[PDB]
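Chemist: Here it is, the structure, as structure tokens.
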Amino acid sequence: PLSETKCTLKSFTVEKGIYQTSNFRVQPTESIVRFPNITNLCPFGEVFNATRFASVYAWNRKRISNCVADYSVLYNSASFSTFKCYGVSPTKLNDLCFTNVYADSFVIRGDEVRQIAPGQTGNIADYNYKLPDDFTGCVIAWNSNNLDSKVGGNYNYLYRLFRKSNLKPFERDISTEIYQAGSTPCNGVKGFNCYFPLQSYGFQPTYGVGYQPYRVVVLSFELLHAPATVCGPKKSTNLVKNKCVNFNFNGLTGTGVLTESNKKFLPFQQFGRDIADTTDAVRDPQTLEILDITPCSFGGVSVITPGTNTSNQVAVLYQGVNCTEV
Amino acid sequence: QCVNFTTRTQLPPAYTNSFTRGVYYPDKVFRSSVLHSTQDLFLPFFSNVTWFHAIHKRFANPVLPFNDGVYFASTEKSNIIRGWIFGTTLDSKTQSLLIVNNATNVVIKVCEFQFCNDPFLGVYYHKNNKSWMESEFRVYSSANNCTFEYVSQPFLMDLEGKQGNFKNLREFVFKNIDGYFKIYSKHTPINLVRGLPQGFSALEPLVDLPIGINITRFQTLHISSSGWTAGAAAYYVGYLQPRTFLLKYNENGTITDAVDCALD
Amino acid sequence: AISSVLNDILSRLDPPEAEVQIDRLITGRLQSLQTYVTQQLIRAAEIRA
Amino acid sequence: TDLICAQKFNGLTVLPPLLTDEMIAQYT
């Protein structure tokens, strides 16, 4: 600590006085995260063996909630033509918990691959299906040109190119009839500078990549302030209070000492906040408990030493904290 | 079922002012001894809510838009209102939503509903051992393609009919957040004949419905085949707007005051 | 930026991509902290006077 | 004329004064 002041003052002679050098902080010893039991596992690999998928606006959904999803059967490694992923890989979803999961399957074009993205616009994004901002998964795609493609175009599948307005996330339109396309309603039957909203795939196996079918499977993810029902492959790492730990509670990740308080919360209020809009007190999603968030102790380091020509004795001072280690 | 009542007549839309009504808990965050401000869809203060009533030969059940959000204020004695219906076309062409109050639990189901022109529930034989129990279900004949089902927690409700001024009061707020419905419920005794009393109350959440259906209109499936009559009931429908509340929180977390400025 | 939470960006975007969102959070917080220090130096001159 | 401890959690450190309140009245 005598040399800590030498590098702070950038000199080999330390004059008498008090000088600040570093900042001490208590690191978390363990990780306390608590969520209840797992319900079921999502069909990540069961939708890859389907014979034919739905269209862009027709996407079929199988509802299996409570991530962790199925990590066992994974076809996503080097088995397909193109891999475009966002967020984290599905192998890493075992460390995260999501509320609801909707497995969707649809076929798009070459120029429509770049339009796939959470919270982004596009022809199929706004007018057909939009990815929510809560989706951390990978977008799986493969080239179906050897199957779904037909001579002169395949009109079996359909898609909607135009709509009177953009669709919000998690919204569907199954209507195949003639409705308003642009901003000026033409009152039913096509004409008056409007366009027929429904469209058909023109897939020709002999043209470029933009005109060829690509089977895309996306599992819709949802993340809210609702309490999570699952934690990891392992759950509790049983709580021991009055210690510095790293906690994730109801989706709020932080580091601090967990203590019990007298705070009275409403049954439907999951967690509160302080005047700083930061985590203050939270409730146990698994069982009935009330925990208060106390961040771990930290402060500045003060060095009290006499002159270099006087003595080498050094007194270390911690500001506004109690030392339990020493 | 498909035949409207012979006593059904559209009533004049009278108006009245709601002093503090329209305030609720914006979120689940708890605070104490501080003043928080947030902007959500709210009911403005001192607004004009449409005044409705029901007697034994005048009954009206108009349809109002759900687009900007609505505020439900219902004062009752025997708790006439059994719920509401949500739907766009109000037919089997698309999905619909119902809320049924049996004075035991809450029945919430999303199916394909065949909507009769004048839906109701058969109630008869009130002389010996009335009990005011539901008997006939006229709302829909059949259901199919059910995407949602829910059962709530048990509660208690007073079905006893009384004479004189109203006693019980219930204020509901139904708002859609990005495809999610949230229900607010509060019950307090009041003494009221017509209009609204001056007071303050807080609206606690009840059930959050993760359905995702878009509802452009709501019809009236509440009190009580044209020979059927109606009783005494009254309810209100408000209009929600993206307002801003400044709320006070006490040591117990209850809201003691509400301030929304656009007035003074 | 996308979000003010640091763990939300690191657990979502890529390490090369997250450097763009984190840089927007840093440069925004640099000017806010610099404004407070400048305000304290001006206010301390009135207290010293 | 707690607010102090609430602000100390985000990295705002209030240093105690060298001259306490008891010694001020002793100089006066």
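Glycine also receives a Cβ, built like all others from the backbone with ideal geometry; neighbour counts cover every protein chain displayed. Nothing in this text is a laboratory measurement; each read-out follows from the coordinates by a stated rule.
Chemist: Above 27 angstrom, tally the Cα pairs of the stretch B:125-264 and express them as a % of all pairs, no decimals. Show your work: numbers first, answer last.
Modeler: Details: 4066 of 9730 pairs.
Tail of the P(r) past 27 Å holds 42 percent of the pairs.
Chemist: State the answer as a single residue: which of A:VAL257, A:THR206, A:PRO285 lies farthest towards the positive end of the charge dipole of chain A, with beta carbon charges of +1 for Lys and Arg and -1 for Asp and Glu, about the Cα centre.
Modeler: A:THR206
Chemist: Taking every eigenvalue of the Cα gyration tensor of chain A, multiplying by 5 and rooting it, what semi-axes result, largest first, whole Å?
Modeler: 57, 24, 21
Chemist: For the stretch A:111-162 and the stretch A:27-49, what is the separation of their C-alpha centers, rounded to whole Å?
Modeler: Result: 29 Å between the Cα centres.
Chemist: Suppose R0 equals 60 Å. What FRET efficiency, 1/(1 + (r/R0)^6) with r the Cβ-Cβ distance, do B:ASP264 and A:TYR19 give to the nearest 0.05?
Modeler: On the way: r = 57 Å, r/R0 = 0.95.
The formula returns an efficiency of 0.60 here.
Chemist: Rounded to the nearest 0.05, what FRET efficiency do D:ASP2 and A:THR237 give with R0 = 41 Å and r taken as the Cβ-Cβ distance? Could you check?
Modeler: Numbers: r = 32 Å, r/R0 = 0.78.
Efficiency, rounded to the nearest 0.05: 0.80.
Chemist: Just want the answer: with Cβ charges of +1 for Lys and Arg and -1 for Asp and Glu, which residue in B:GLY179, B:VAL23, B:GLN114 is farthest toward the dipole's positive end in chain B?
Modeler: B:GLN114
Chemist: What nm value, rounded to one decimal, do you get for the distance between A:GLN180 and A:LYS84 when each label is placed 7 Å out toward the C-beta?
Modeler: Simple spin-label model gives 3.1 nm for this pair.
Chemist: Label A:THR91 and A:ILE275 with points 7 Å out from Cα along Cα→Cβ: what is the distance between them in nm?
Modeler: 4.9
Chemist: Treating the beta-carbon of each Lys and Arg as +1 and of each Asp and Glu as -1, no other charges, what is the dipole magnitude of chain A about its Cα centre, to the nearest 20 debye? Don't skip to the answer; put the middle values down first.
Modeler: Values: 30 positive and 25 negative charges, 103 e Å.
That gives chain A a dipole magnitude of about 500 debye.
Chemist: What whole-number volume per residue, in cubic angstrom, does the convex hull of the C-alpha atoms of the protein assembly as shown give? Spell out each step's value before the answer.
Modeler: Values: hull volume 181.6 nm³, N = 667.
Hull volume normalised by residue count: 272 Å³.
Chemist: For B:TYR184, which sequence-distant residues (separation of 5 or more, or a different chain) have an amide H within less than 5 Å of its own amide H, given hydrogens modelled in the peptide plane?
Modeler: Under 5 Å from the amide H of B:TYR184: B:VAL173, B:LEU206.
Chemist: Something else: May I ask you to work out the translational diffusion coefficient for the stretch A:169-229 at 37 °C, viscosity 0.692 mPa s, via Stokes-Einstein with Rh from the Kirkwood sum over Cα pairs, reported in whole µm²/s? It would help to have the intermediate numbers written out before the result.
Modeler: Working: Rh = 16.1 Å.
Estimated diffusion coefficient is 203 µm²/s.
Chemist: In a shell of Cβ-Cβ distance under 11 Å around A:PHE268, excluding A:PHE268 itself, what net charge do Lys and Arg (+1) and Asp and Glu (-1) give? Write out the running numbers ahead of the final one.
Modeler: On the way: positive: A:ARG283, B:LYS28, B:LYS182; negative: B:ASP27, B:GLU204, B:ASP208.
So the environment of A:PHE268 carries a net charge of 0.
Chemist: Quick check for me: using +1 on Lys/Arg Cβ and -1 on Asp/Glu Cβ, what's the dipole size of the protein assembly as shown about its Cα centre, in debye to the nearest 20? Spell out each step's value before the answer.
Modeler: Numbers: 59 positive and 54 negative charges, 280 e Å.
Rounded to the nearest 20 debye, it is 1340 debye.
Chemist: Next question. Can you list the HN-Hα couplings for the stretch B:208-223, worked out from phi with the Karplus curve (6.51, -1.76, 1.60; θ = phi - 60°), rounded to whole Hz and with x for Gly and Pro?
Modeler: 9, 9, x, 9, x, 7, 8, 10, 8, 8, 9, 9, 10, 10, 9, 7
Chemist: Compute the length gained on full extension between A:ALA50 and A:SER31: take 0.36 nm times their separation in residues and subtract their Cα-Cα distance, giving the result in nm to one decimal.
Modeler: Values: separation 19, 0.36 × 19 = 6.84 nm, distance 4.10 nm.
Stretched out fully, the A:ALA50 to A:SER31 stretch lengthens by 2.7 nm.
Chemist: Could you please state, rounded to a whole Å, how far the C-alpha centre of the stretch A:280-326 is from the C-alpha centre of the stretch B:165-209?
Modeler: 49
Chemist: What's the longest piece of chain A with no exposed chymotrypsin sites (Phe, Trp or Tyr not before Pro), counting a site as exposed if DSSP puts it in a loop and it has at most 16 other beta carbons within 10 Å? List each step's numbers first, then the result.
Modeler: Numbers: sites that count: A:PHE12, A:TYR71, A:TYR75, A:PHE80, A:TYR155, A:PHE162, A:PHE192, A:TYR195, A:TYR207, A:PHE265, A:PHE268.
The longest uninterrupted stretch comes out as A:81-154.
Chemist: What's the average, rounded to a whole number, of partner chain beta-carbon atoms within 10 Å of each residue's beta-carbon in A:271-279?
Modeler: Details: counts 4, 8, 6, 8, 8, 4, 3, 3, 0.
The per-residue average across the peptide is 5.
Chemist: Is there a quick way to get the dipole size of chain C? I mean about its Cα centre, with the Cβ of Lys and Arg at +1 and of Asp and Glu at -1; what is the value in debye to the nearest 20?
Modeler: Working: 5 positive and 6 negative charges, 74 e Å.
Its charge dipole is roughly 360 debye.
Chemist: On to the next question. From largest to smallest, what semi-axes in whole angstrom does the stretch A:164-322 give when each is the square root of 5 times an eigenvalue of its alpha carbon gyration tensor?
Modeler: On the way: eigenvalues 736, 126, 71 Å².
Equivalent ellipsoid semi-axes, largest first: 61, 25, 19 Å.
Chemist: Another question, then. What FRET efficiency comes out for B:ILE190 versus B:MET133 if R0 is 25 angstrom and r is the Cβ-Cβ distance? Round to the nearest 0.05. Intermediate results must be reported in sequence, preceding the final value.
Modeler: Numbers: r = 27 Å, r/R0 = 1.07.
That gives a FRET efficiency of 0.40.
Chemist: Evaluate the distance, in nm, between pseudo-label points positioned 7 Å from the Cα of B:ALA14 and of A:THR206 along their respective Cα→Cβ axes.
Modeler: 7.9
Chemist: Between A:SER200 and residues 5 or more places away or on another chain, which pairs have amide H atoms under 5 Å apart, with H built 1.01 Å from N, and which residues are they?
Modeler: Answer set, sorted by chain and number: A:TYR159.
Chemist: If the reach is capped at under 15 angstrom between alpha carbons, list the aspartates and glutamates near B:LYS248, excluding any in the same chain fewer than eight residues apart.
Modeler: Excluding near neighbours in sequence, the set is A:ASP274, B:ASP27, B:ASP257, B:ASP260.
Chemist: Find the Cα radius of gyration of the stretch B:14-264, compare it with 2.2 N^0.38 Å by division, and give the number to two decimals.
Modeler: Computed over Cα atoms of the stretch B:14-264, the ratio equals 1.04.
Chemist: Additional query: Based on the alpha-carbon set only, what is the convex hull volume of the stretch B:25-140 divided per residue, in Å³? Show your work: numbers first, answer last.
Modeler: Working: hull volume 23.4 nm³, N = 116.
Cα convex hull per residue, to the nearest whole number: 202 Å³.
Chemist: On the principal axes of its Cα set, how long, how wide and how thick is the stretch B:92-192? Give whole Å, largest value first.
Modeler: Principal-axis extents of the stretch B:92-192 (Cα, largest first): 43, 34, 26 Å.
Chemist: With Cβ to Cβ distances under 13 Å as the rule, what net charge do the other residues near C:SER4 carry (K, R +1; D, E -1)? Mind dumping the intermediate values first?
Modeler: On the way: positive: C:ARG24, C:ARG29; negative: A:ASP277, C:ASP8.
Around C:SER4, the surrounding residues sum to 0.
Chemist: While we're here: Listed here are the pairs B:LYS28/B:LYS182; A:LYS92/B:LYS28; A:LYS264/B:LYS28; A:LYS84/A:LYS235; which of them are more than 21 Å apart at the Cα? Present the calculation step by step, with values, prior to reporting the outcome.
Modeler: Details: B:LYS28/B:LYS182 12 Å; A:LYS92/B:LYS28 30 Å; A:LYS264/B:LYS28 13 Å; A:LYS84/A:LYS235 31 Å.
Among B:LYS28/B:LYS182; A:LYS92/B:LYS28; A:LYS264/B:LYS28; A:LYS84/A:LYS235, the Cα-Cα distance tops 21 Å for A:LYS92/B:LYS28; A:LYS84/A:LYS235.
Chemist: Another question about this same structure. Relative contact order for chain A: what percent, with Cα pairs under 8 Å and sequence separation of 6 or more? Write down the numbers at each step before the final one.
Modeler: Numbers: 717 pairs, mean separation 83.1, N = 326.
Relative contact order, chain A: 25 percent.
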